[PDB]
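What follows is a pair of forms of the same protein chain, given separately as structure tokens and numbered structure 1 and structure 2.
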Structure 1
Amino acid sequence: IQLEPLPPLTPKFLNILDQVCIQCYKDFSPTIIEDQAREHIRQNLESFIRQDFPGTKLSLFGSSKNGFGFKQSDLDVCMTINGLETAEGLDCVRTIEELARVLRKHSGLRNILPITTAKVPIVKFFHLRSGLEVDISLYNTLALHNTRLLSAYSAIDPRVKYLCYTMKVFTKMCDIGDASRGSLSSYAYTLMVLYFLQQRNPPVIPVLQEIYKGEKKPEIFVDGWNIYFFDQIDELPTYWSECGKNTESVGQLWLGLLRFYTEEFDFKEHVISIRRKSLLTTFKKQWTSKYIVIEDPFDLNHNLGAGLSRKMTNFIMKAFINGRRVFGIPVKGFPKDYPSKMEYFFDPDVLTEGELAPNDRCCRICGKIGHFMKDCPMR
């Protein structure tokens, strides 16, 4: 597939692109009050569950803590039991079902649903007063660490946040950010942003998992994987020589990302991997089955794109190509004929050409993957 050449931009248009990326953050990030409410929910659930399971500990992870949350993002909760370091004596499937029974007694919750067949078994439910979806998992230790990792990256430079928010808006508007419906997890798209910023010349962020006081990388193992990374961001100028050398604006970088993954990045040859600056090949990983290949920074056996079908991969790539056109090619009558720039750049009828995301892997009743119709909740 060949792509349209991009016309040269004016500074006036470049400033518009900058503003759109920043509005994605300002418009959709939670207020300080909404963040505190999320902590209050965790606190309330921990006390309620402790009535039946004393020593329960609930810990927030995901976008509530990694610096990239939206107002209506779900509440990702990790449950552990004090004194029990790992889930090696804990019966996780039976624990999920016991936990669900406890949560059905909570008058402020609705629609308790345990999902024990997923790779990560969860019990999810609806919190009435906040209107948020909550997902509780058991001993999700690695998720807690990649939450800290992403949070560290978000603190290095404000542009990290702006781009991750813009990416999250983009994929959400294209309806390609729901792994439960066959597309990619929003966490996978966050990794794509970070990988782009690491490979940029000059880089906007370093590879924190490769920064350390010499000579060798410290070895801190969790569930068989080294979770070390440099998290002393205040001292980063000392340990990152290229700190602050990239002076591109946010809009420049956002258009650069769209061009990077449509023109430059070789999906069939390389793996999107934020744990190392050196390119990682699909052949070295023996991950040639799929086109989009995304390696988790800690669980190196996890390919985030392992679930994508061929159709979904084409749909995703067409979205990025159309995004390249909308953000890169100024149009006549813009911006004076449009009372909202957000509605122009993120128009789904343009980015996906009016088509809906494919859903062939999905249940015909609810639209989720991973269950037969006799097991559907909406039956």
Structure 2
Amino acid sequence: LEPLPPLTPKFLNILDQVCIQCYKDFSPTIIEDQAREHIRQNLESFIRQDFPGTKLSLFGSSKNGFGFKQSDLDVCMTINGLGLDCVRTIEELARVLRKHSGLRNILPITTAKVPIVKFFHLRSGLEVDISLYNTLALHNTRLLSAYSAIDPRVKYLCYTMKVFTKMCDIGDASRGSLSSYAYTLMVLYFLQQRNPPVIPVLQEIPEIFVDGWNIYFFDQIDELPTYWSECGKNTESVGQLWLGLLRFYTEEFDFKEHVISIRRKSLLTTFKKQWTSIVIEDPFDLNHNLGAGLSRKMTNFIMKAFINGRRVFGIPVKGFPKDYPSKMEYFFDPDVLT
């Protein structure tokens, strides 16, 4: 790794604005939020024609406080008043949805760990994923939402990370990379682990079980000053934290021995979890390693993207060539980061 020159005050002010701009440019307007709602509304009534009692609910970015323009729509389906063959139900869902003049490219994915019917929504141009009884997903949505409300910099960094993985083309788990949900967990972990914490761990501040998993977490975001020790302690700018995250995952954190675990504050090791051979534990489904599908080719691309991320965000310059219309295209240049 290269030595990094000291941060100037003014290159850091640029880092702060660039991170905040990631939130403003990509957080959704009310019109986009409601377009998603309508999609959930319409599909529910349409599916109810064949499967009465069908309840659809959104989760993921559409509802976890990290809504991101043009993200795919995550939908969880259950049936009110209800050993359900999920493989068969996904194909049943597919057969139903091909009759919808507003949908195209209906595709059932039965063999995935989480089976989904994936399709394209004409009016909105969004891609939609319907899964069945994805109840843990509804709860990690509420949990991320609680983190998103603790401190403004949590959104700023999570948005900046979503922009970054998109440009580096490293955020598609269907092409062997990591999923957005994984990167968000990496951000929240980094903020729980830096000294002093920016966020606490909310499931350490009660046993509520769903699918045999304790889904409890502290969620009254109006009263953490009472119950979180290091509240208000960390004063650092968002641009320092974003460069801090890139350095944290390229210089300090040892992926070979430690699990990225937002559920509890202390170190969780590769050895205890039997996950010896990037390792990320789901906040609730503790048997699910979100890095279990990574190739070592793919881990290298991710590591390479983080390293050039460290370079362009860490080497001060001013100015920037008037070629660029704004700082955004300088920092998030896809060729540079790849």
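The term rigid core refers to the maximal set of C-alpha atoms that superpose within 1.5 Å between the two forms. Residues that one form lacks are left out of the comparison. Numbering runs along the sequence of structure 1, starting at 1.
Next item on the list: With both forms fitted on the core, give yes or no for whether the Cα of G55 moves by 2 angstroms or more between structure 1 and structure 2.
Entry: After core superposition, the displacement of the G55 C-alpha between structure 1 and structure 2 stays below 2 Å, so no.
Note to self: At a 2 Å cut-off on C-alpha positions, does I329 qualify as shifted between structure 1 and structure 2 after fitting the rigid core?
What the structure shows: The answer is no, as the C-alpha of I329 shifts between structure 1 and structure 2 by less than 2 Å after core alignment.
Check: For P339, what C-alpha shift in Å is seen between structure 1 and structure 2 once the core is overlaid?
Finding: A shift of 2.8 Å at the C-alpha.
Checklist line | Rigid core fit between structure 1 and structure 2: Cα deviation of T95 in angstrom | finding: Its C-alpha position differs by 1.0 Å.
Checklist line | Once both forms are overlaid on the core, stretches between structure 1 and structure 2 of 3 or more residues with C-alpha shifts of 2 Å or more | finding: That run whose C-alphas all shift by 2 Å or more is 331 to 339, the only one.
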